[PDB]
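Spelled out, the chains give:
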There are 2 protein chains.
Amino acid sequence: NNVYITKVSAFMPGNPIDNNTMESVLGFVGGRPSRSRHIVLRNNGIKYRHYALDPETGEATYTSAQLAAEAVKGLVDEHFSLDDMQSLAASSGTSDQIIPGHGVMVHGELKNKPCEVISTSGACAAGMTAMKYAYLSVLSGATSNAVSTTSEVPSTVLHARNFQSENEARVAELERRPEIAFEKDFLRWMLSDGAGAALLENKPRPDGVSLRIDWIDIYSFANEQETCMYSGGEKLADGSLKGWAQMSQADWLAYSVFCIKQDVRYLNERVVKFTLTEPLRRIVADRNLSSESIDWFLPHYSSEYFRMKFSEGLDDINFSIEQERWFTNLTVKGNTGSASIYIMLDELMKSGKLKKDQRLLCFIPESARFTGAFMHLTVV
Amino acid sequence: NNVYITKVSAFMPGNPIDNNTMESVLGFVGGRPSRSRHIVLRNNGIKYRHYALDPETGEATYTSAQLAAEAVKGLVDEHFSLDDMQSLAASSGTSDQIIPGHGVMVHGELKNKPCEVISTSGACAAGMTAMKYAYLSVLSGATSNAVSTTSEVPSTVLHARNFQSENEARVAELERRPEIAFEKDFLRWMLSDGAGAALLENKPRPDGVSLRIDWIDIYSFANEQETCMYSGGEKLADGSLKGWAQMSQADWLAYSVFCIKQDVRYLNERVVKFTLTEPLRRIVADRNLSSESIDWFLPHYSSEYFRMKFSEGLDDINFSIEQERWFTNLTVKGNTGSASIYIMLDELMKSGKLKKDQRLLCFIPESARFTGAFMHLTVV
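Residues numbered from 1 in each chain as written, not as in the entry; some residues may be left out. Chains lettered and ligands numbered in written order. Heavy atoms only, no water.

Looking at the entry header, you'll see X-ray crystallography listed as the method and 2.331 Å as the resolution.

Chemist: A description of the overall build of chain A should follow, citing residues and the corresponding values.
Modeler: Regarding its fold elements, chain A presents 13 helices and 15 strands. For 380 residues, the compact-globule estimate of 2.2 N^0.38 gives 21 Å, and chain A sits close to it at 21 Å. Overall, chain A is about 70 × 50 × 40 Å in size when its C-alpha atoms are taken along their principal axes. Scored against the burial criterion, the 380 residues of chain A give a buried share of 64%. When contacts within chain A are restricted to residue pairs at least 6 apart in sequence, long-range pairs at least 24 apart make up 80% of them. Here chain A has roughly 14200 Å² of accessible surface; of this, 45% comes from carbon and sulfur atoms. Here chain A holds 39 positive side-chain charges and 47 negative ones, and the gap between their average locations is 2 Å. (Helix = DSSP H or I, 4+ residues; strand = E, 2+ residues; numbered from the N terminus. Rg over C-alpha atoms; globule rule 2.2 N^0.38 Å. Buried < 20%, exposed > 50% of the residue type's maximum accessible area, 1.4 Å probe, protein only. Contact = heavy atoms within 4.5 Å. Areas by Shrake-Rupley, 256 points an atom, 1.4 Å probe, with all protein chains shown as cover. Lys, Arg positive; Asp, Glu negative; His and termini not counted. Charge placed at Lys NZ, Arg CZ, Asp CG, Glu CD.)

Chemist: Mind laying out the relation of the copies chain A and chain B, listing which residues take part and the relevant values?
Modeler: Note that the two copies of the chain are related through a rotation about an axis and a translation along the same axis. Mapping chain A onto chain B calls for a rotation angle of 180 degrees and an axial translation of 0.0 Å; the resulting RMSD is 0.5 Å. What the rotation and shift describe, once combined, is the action of a two-fold rotation axis. In this assembly the copies share their binding face: 100% of the residues contributing to the interface of chain A also contribute to that of chain B. (Least-squares fit on C-alpha atoms.)

Chemist: Before we move on, can you summarise the side chain of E116 of chain B with the specific residues and values?
Modeler: With respect to the helices and strands, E116 of chain B occurs in strand 5 (residues 116-120). Among the residues examined, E116 of chain B registers a relative accessible area of 4% and is labelled buried. In this structure the side chain of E116 of chain B is engaged in a polar contact, spanning 2.8 Å, whose partner is the side chain of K132 of chain A. Beyond its immediate sequence surroundings of up to four residues, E116 of chain B is in contact with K132, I218 and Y219 of chain A together with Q86, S87, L88 and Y133 of chain B. (Polar contact = N/O pair within 3.5 Å; in protein donor to acceptor, adjacent residues only side chain to side chain.)

Chemist: Describe the pattern of salt bridges, naming the residues involved and giving the relevant values.
Modeler: Residues and elements named next belong to chain A. Inspection of every chain in the model, using the stated rule, returns 42 salt bridges over all chains. One salt bridge in this structure joins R282 and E278, with 2.7 Å as the shortest N-O distance. Residue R282 and its partner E278 are located together in helix 10 (residues 264-287), separated by four residues, close to a single helical turn. The residues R282 and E278 share a single accessibility class, namely buried. (Salt bridge = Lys/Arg side-chain N within 4 Å of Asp/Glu carboxyl O.)

Chemist: Please give an account of the interface of chain A and chain B that cites residues and values.
Modeler: Listed by partner, the interface residues are 66 residues for chain A and 66 residues for chain B. Interface area for chain A against chain B, summed over the two sides, is near 5700 Å², with a carbon-plus-sulfur share of 60%. Considering only the surface of chain A that becomes buried against chain B, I99, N223 and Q249 of chain A emerge as the three largest contributors, covering 13% of it. Counting across the chain A and chain B interface gives 21 residue pairs in polar contact. The element that contributes the greatest number of residues to the side of chain A that touches chain B is helix 5 (residues 126-139) of chain A, accounting for six residues. Partitioning the side of chain A that touches chain B into residue classes produces 30 nonpolar, 27 polar and nine charged. (Buried area = accessible area lost by both parts, 1.4 Å probe. Nonpolar A, V, L, I, M, F, W, Y, C, P; charged D, E, K, R; others polar.)

Chemist: How would you summarise the layout of surface pockets if you had to cite specific residues and measurements?
Modeler: Considered as a void within the structure, the second largest pocket measures approximately 700 Å³ in volume. For the second largest pocket, the lining is made up of 40 residues, of which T63, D96, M105 and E109 of chain A together with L241 of chain B are closest to its centre. Listed by contribution, the elements that provide at least two residues to the lining of the second largest pocket are helix 3 (64-73), helix 4 (102-110) and helix 6 (155-158) of chain A together with strand 11 (241-243) of chain B. Grouping the amino acids of the lining of the second largest pocket by side-chain chemistry returns 15 nonpolar, 18 polar and seven charged. (1 Å grid on protein atoms, 1.4 Å probe; cavity = no way out; pocket = protein on both sides within 12 Å on 5 of 7 lines; lining within 4 Å. Points joined across faces, edges and corners; volume = space filled by probe spheres on them.)

Chemist: Explain unusual backbone geometry to me, and be specific about the residues and the numbers.
Modeler: For the bond from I99 of chain A to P100 of chain A, the omega torsion is 0 degrees, close enough to zero to count as cis. Among the structural elements, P100 of chain A can be located in the loop between strand 4 (87-91) and helix 4. A positive phi angle, close to 65 degrees, is found at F370 of chain A, a residue other than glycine. Relative to the helices and strands, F370 of chain A resides in the loop between strand 14 (359-366) and strand 15 (371-379). Relative accessible area serves as the criterion here: at 0%, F370 of chain A is assigned to the buried category. A positive phi is found at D357 of chain B, a non-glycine position, where the angle reads about 80 degrees.

Chemist: Residue-level account of the pairing of strand 14 of chain A, with values.
Modeler: Residues and elements named next belong to chain A. Among the eight residues that make up strand 14, seven are buried, leaving the element largely enclosed by the rest of the structure. Examined bridge by bridge, strand 13 (residues 296-299) and strand 14 share four bridges and lie parallel to one another. From the neighbouring strand, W296 faces strand 14, where its bridge partner is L360. Relative to strand 15, strand 14 runs antiparallel, the two sharing eight bridges. Paired with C362 across the strands is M375, a residue of strand 15. Linking strand 14 to strand 15, which pair antiparallel, is a turn of four residues; within it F370 sits at a positive phi near 65 degrees. (Pairing = 2+ DSSP bridges.)

Chemist: An account of the nonpolar core is requested, with residue identities and associated values reported.
Modeler: Counting residues in each nonpolar core, the largest one holds 86 residues, and the members touching the most others are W252 of chain A together with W252, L280, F310 and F319 of chain B. Sort the elements by how many residues they give to this core and helix 10 (residues 264-287) of chain B lands first, with 10 residues. Among residues more than four places away in sequence, those in contact with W252 of chain B are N162, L253 and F258 of chain A together with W244, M247, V257 and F258 of chain B. Counting 77 residues, the second largest nonpolar core, distinct from the first, contains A89 of chain A together with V3, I216 and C362 of chain B. (Core = buried A, V, L, I, M, F, W, Y, C linked by side-chain atoms within 4.5 Å.)

Chemist: Could you give an account of the state of the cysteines, naming the residues involved and the relevant values?
Modeler: Taken as a whole, this structure holds zero disulfides over all chains when the rule is applied. Residue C362 of chain A stays outside any disulfide, its sulfur separated by 15 Å from that of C124 of chain A, the closest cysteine. For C362 of chain A, a relative accessible area of 0% corresponds to the buried category. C259 of chain B takes part in no disulfide bond, and the closest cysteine sulfur, belonging to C228 of chain B, lies 14 Å away. (Disulfide = S-S within 2.5 Å.)

Chemist: Quick rundown of helix 10 of chain A? Include the residues and the values.
Modeler: All names here are of chain A. Along its 24 residues, helix 10 runs 33 Å from first to last C-alpha, staying within 8% of the 34 Å computed at 1.5 Å per residue. A maximum bend of about 60 degrees is found in helix 10 at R270. One or two steps after helix 10, the chain reaches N288, where phi turns positive at roughly 55 degrees. (Expected span 1.5 Å × (residues − 1). Bend = angle between axes of the 7 residues up to and from the residue.)

Chemist: Which residues make up the side chain of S9 of chain B, and what are the values?
Modeler: Residue and element names in this part refer to chain B. Secondary-structure assignment places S9 in strand 1 (residues 4-11). A polar atom in the side chain of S9 sits 3.0 Å from the backbone oxygen of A71. Excluding its chain neighbours within four sequence positions, the residues that come into contact with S9 are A71, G74, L75, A195, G196, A197 and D346.

Chemist: Report on the pairing of strand 8 (residues 211-220) of chain B, specifying residues and quantitative values.
Modeler: Residues and elements named next belong to chain B. With respect to burial, strand 8 is a largely interior element, eight of its 10 residues being buried. Examined bridge by bridge, strand 8 and strand 15 (residues 371-379) share nine bridges and lie antiparallel to one another. Bridge pairing in strand 15 links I213 to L377.

Chemist: With reference to specific residues and values, describe the environment of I99 of chain A.
Modeler: Within the secondary structure, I99 of chain A sits in the loop between strand 4 and helix 4. Between the alpha carbons of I99 of chain A and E292 of chain A there is a distance of 46 Å; along the sequence they are 193 residues apart.

Here's what the structure looks like:
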């Protein structure tokens, strides 16, 4: 009983948007430009990204459910139609609503016949917990195929309108040039929109390359790490997170409780050890891994600032992988959060660089409260 | 390989609250008592329920993460300790925050050692997609045990404070009737708080009874049914759902965008067909089931009004099951959403009424956008 990725699909809304255009798309808070955009862009290295926003009108061009539906429809070919789907697992850190779950909204867009639909939640790793669900479904024999998909439209919550009531509130407290906290403004030049999907099957395709999933290992370090990326709440001085419904309605607006925030200094101190080295050293030992066997390393490292910090982490645990074997399109596609690993896998599989028997290691960290997800693939 | 539920656990916050006491815990909107509470209670037949709310001082007694952690802790005994957990799958229709996912917040409360943590999302069926993830983990051989847990604290969003800006906006608009619509007040007398947890293992336990999971089948009918229960958005005239981030910040408050709403006429028209009869007649045909072979039917039917309507649905597909084989504790535990099936299973496994070889059919509908989840169990 084996599981193979036989088709991957990526969908980026609209056109690539360069560093000089992006602020006009995401808007000015309180009539003024962002103070730190320039150095955020310099540190993260990202040069283009996509937003599900109309360039001329600023209207939304895709809900999160539509974006995911577009990616799933990219899996359809002569070997697979939507109605063949035996199980659909979907996630989005930026779901359009709180209830219903994201997956049934995607099913509503796809309109394929009644089938099993699962939603996973969280952030960067949620696309990988959806993929592991789909993997387990086929591996166990519950189904002979499954589809996982994830989508991200943080443009919905990064646009300047998401901070207007906060700006107006500080103007009623008479401050002259109020600026939103860096913990809020920072993610606005980091996160962008994208969606991916994967078809998993219990036999490889007759022609072309398939990727056998050998395993998917996931570890949470929330038992001792604090929340680090959060929305729908506010992080307290003691490190705990206060949920939005424990705050007053007035405060939701005055503090932008529903925008995405990052405890940047805490991230910087702990992301490498508690998303990479602590889980990977466990997995290396338990599975008897050799870094020399890995032909392709696909890391979602979010920001050029962390590329070599993660590489140092691999060194510290005797699992060095030279930059020549690292594959990523972060700089050109954007940090699409949970979709990043799908947008990487999509390009590598369609590139023609893969060779039979080659081995792939996928690393998907989630700084939200420090999860590391890892997947080992073998080309067949 | 096989999967056994070897322990179930349930946690109700606080003391049972009766029909006369409940509105003082949940509050008046705009100083006036609710006009619909009496008939909603008349129709749902519920007499007790629990809220994670201090009844003297009104403050929260458990977050959703804490409520689930209390349930997971109920699983611990001489045969299982928290650190033996190879996988945790958690869900909540009322997560404390949007990011991170509910599961890693549960882990942060439990503080057990690093392990795999997965979150599922949605409403009533999300407890069962979480359980099916745990079941597939053990069925596939990925792990030898797994824990699923779900928690509900709708009290956080049903309290009167969640409607106070809309009341003010309706007073300010000079509405002849300033009360909030039935579609927003209805669920305040329907939904209540509770959590459950289940331990799944690849061998039964020697002492006492175990429940072998024969299968879990799930169907979504969102391909043709509109959204029906929803929060963090609003239903448009054309039946689509507009997500909260597409609405102005002022409208979030003016219209209570983040409260839980239900389209009651659409619910009443469609919930029996598209959560019970359409999925179950598929399951019955595919697995060649006979209603005569089921010793215990455990249905989450939410309201007395629907008990015989679901029973009628069984008749329509020639799967009649008479009331003496139904097991529920709704009237005395409340409608706890996704937790309901855990709270039914907890009582039944502890009642001593289960005999070896008896067969259980669990039915968990989700009206949110019409999913039916079904689980078949055999006492060993």
